[PDB]
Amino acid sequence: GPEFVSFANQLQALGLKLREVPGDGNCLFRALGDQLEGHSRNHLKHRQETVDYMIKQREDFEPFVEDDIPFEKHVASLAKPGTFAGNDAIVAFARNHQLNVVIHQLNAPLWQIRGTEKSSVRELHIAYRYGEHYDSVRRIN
């Protein structure tokens, strides 16, 4: 259908704008931290707490791991600062914090990862982009 010409335009139509985080493997936790706390300075803590939750809830998270890769290897790699995180990390963070994460993408359907079974919870917004990069999505005014 009739597409937006830029991601900035798409967000702007929704009264939203990007808050970019650096192009390294810590981007998801920086973006989620920015959403949760208004800044990304606790990204190492969020990475560690997210891995801790995944381990505590191993039976829930082993299904996410790409086959023939041991769960231990997956979470050990994720524990290292700079390791790019994926959807399973978003699920873990969302469940740990009992909230939802809405994911924006240029000319793609808006996604929602729900951390609870509840009906009215806190909702965080991030943007998925090239490679494995995530940014924070904030209100304009």
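A residue's number is simply how far along the shown sequence it sits, counting from 1.
Mean CA B-factor, 56-64 versus 27-35: the higher value falls on 56-64. If you average the C-alpha B-factors over 111-119 and over 82-90, the higher value belongs to 111-119.
When the C-alpha B-factors of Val75, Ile69, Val102, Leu44 are ranked from the entry, the top spot goes to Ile69. The PDB entry assigns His133 a C-alpha temperature factor belonging to the lowest third of its chain's modelled residues.
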